[PDB]
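First up is the structure itself, then whatever we jot down about it.
Here is the naming used below: chain letters follow the sequence lines, and residue numbers restart at 1 for every chain.
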Amino acid sequence: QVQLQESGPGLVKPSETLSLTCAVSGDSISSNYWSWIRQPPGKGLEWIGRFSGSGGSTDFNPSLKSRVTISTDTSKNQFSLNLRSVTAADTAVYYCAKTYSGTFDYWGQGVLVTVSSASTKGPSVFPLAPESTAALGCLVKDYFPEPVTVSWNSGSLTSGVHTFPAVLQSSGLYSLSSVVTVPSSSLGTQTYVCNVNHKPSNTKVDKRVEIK
Amino acid sequence: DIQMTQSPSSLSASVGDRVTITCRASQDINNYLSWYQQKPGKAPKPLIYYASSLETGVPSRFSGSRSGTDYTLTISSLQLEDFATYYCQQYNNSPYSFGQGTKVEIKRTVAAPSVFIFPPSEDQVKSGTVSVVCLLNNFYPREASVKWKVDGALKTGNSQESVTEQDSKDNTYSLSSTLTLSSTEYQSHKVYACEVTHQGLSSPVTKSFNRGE
């Protein structure tokens with residue numbers, strides 16, 4: 001039940017160095033093996049590198065070997081990934097993982113890293129308001145980079161909620177909608193609020209959805 | 001060096017079906033092969049190690065086998081919880097390499113979409129750019145056609161579609177179609193409608209609103 005947690009910048013400018021840290025809880029990094037893995041959006045998995053907690057030796061994918069460095073801090077039970085000279089090809093969810101032999105037995109939750117020179121921008125949020133069933137929504141527009149999280153009624157409303165994947169618009173900014181279906185008889189009694197969180201801009205938006 | 005070729009890339013199967021996924025290594029990997037199950041938005045989960053050994057807690061309907069340099073993952077009777085993308089991975093030698101993955105989706109009965117259209121808010125009109133959202137809720141199969149009509153005339157330039165993953169309960173999909181217009185363009189027409197055709201609909205359904213009403 002070891003837990004791993006990746007942390008680092010969600011947006012890195014091209015040619016700069018991407019640095020990520022993996023915090024390990026419940027296990028000493030001084031034994032077994034530890035790896036970094038990445039997955040570009042909508043693509044497969046690629047092994048980056050591994051270090052041996054016992055001997056400190058490292059091993060790297062030849063497709064990245066020249067650009068990749070791994071350092072460890074037994075004091076904090078953390079290890080890091082350093083990837084220099086990044087381009088858009090390095091945009092991906094990065095995972096850290098524990099290995100006993102060759103398999104990736106435990107994984108972190110993963111951190112999305114976008115490589116772009118575009119600036120961070122918080123979202124605009126607009127209500128979507130309109131039988132037996134009604135639909136309500138929120139349009140989350142013009143933000144960068146991914147991701148945003150959307151909840152309804154502070155996370156107490158989950159049944160019937162659909163939050164769609166973001167589309168990159170021609171403006172270079174992301175947009176998405178989150179919707180929920182509710183009984184029309186509830187429209188006069190229950191209030192509906194969509195809660196939007198955009199960590200890269202440290203923005204939080206709550207939007208009451210009203211029928212006019 | 002060792003390259004894993006996974007087959008097939010995608011699959012559609014019904015509950016109770018027997019599904020087999022095959023993975024080929026370009027060289028001999030000596031049974032050092034793992035299978036992973038990845039749910040959308042989640043990290044991969046190991047299912048099988050050393051080609052045929054089950055990870056602890058994995059249901060017995062999952063099994064792996066080998067015939068020479070060919071490795072197979074088999075689900076004896078597919079269950080609702082088994083929808084995911086599956087990956088093979090060799091660890092005979094460095095660099096460790098993965099197959100491209102196999103998407104797995106569940107077949108179900110045809111389900112017609114419920115359709116909703118959302119007028120833009122006045123706050124949005126004030127921004128100079130307007131988005132009109134049409135929602136198709138809980139339908140199957142995935143294939144659907146959404147037509148935008150403005151004052152009865154078909155508009156085909158300014159819309160984008162987005163589809164959810166298959167729902168974990170009812171195995172349906174949902175879809176949004178968003179028509180983006182400048183505020184000037186939006187204010188020069190009255191009737192905005194989305195017309196949806198789907199295999200579950202006896203006749204096409206259109207939802208509309210009148211701008212400024």
Side-chain touch [X]/[Y], heavy atoms, less than 4.5 angstrom:
| X | Y | result |
| --- | --- | --- |
| A:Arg50 | B:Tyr96 | yes |
| A:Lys141 | B:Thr129 | yes |
| B:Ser127 | A:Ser124 | no |
| B:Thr178 | A:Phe164 | no |
| A:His162 | B:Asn138 | yes |
| A:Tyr106 | B:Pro46 | no |

> Under 3.5 Å, is there a donor-acceptor pair linking the side chains of B:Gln160 and A:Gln169?
Replying inline: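 A:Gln169 and B:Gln160 do not have a side-chain donor-acceptor pair below 3.5 Å.
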
Chain B heavy atoms under 4.5 Å from [X]: which part of the residue, side chain, backbone, both or neither?
| X | value |
| --- | --- |
| A:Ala134 | backbone |
| A:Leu176 | neither |
| A:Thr181 | side chain |
| A:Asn61 | both |

>> Exactly one of B:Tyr87, B:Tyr49, B:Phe98, B:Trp35 should register a ring pair (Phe, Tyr, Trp, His ring centres under 6.0 Å) with A:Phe104. Which one does?
In response: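 Only one option passes, and that is B:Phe98.
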
> Is the count of non-hydrogen atoms from other residues, nucleotides or ligands lying under 6.0 Å from A:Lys43 atom NZ greater than 12?
Replying inline: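 Open: at most 12 neighbouring heavy atoms sit under 6.0 Å from NZ of A:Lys43.
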
> Should we say atom OH of B:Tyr32 is surrounded by more than 12 heavy atoms from elsewhere, each under 6.0 Å from it?
Replying inline: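 For B:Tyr32, atom OH is not crowded (no more than 12 foreign heavy atoms under 6.0 Å).
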
> By a 4.5 Å heavy-atom criterion (distance strictly below it), what part of B:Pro44 contacts chain A: side chain, backbone, both, or neither?
Replying inline: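 Both parts, heavy atoms under 4.5 Å.
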
> Which atoms of B:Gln89 come close to chain A, meaning under 4.5 Å heavy atom to heavy atom: side chain ones, backbone ones, both, or neither?
Replying inline: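 For B:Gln89, the side chain is the part near chain A, not the backbone.
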
> Can you name the nearest heavy-atom pair linking B:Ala43 to A:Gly108, along with the distance?
Replying inline: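 What the structure gives for the nearest pair is CB-O, 3.5 Å.
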
> Could you walk me through whether B:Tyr91 and A:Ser101 pass the side chain to side chain contact (heavy atoms under 4.5 Å, CB included) check?
Replying inline: CA-CA 8 Å; B:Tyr91 53 103; A:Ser101 69; 4.1 Å; yes

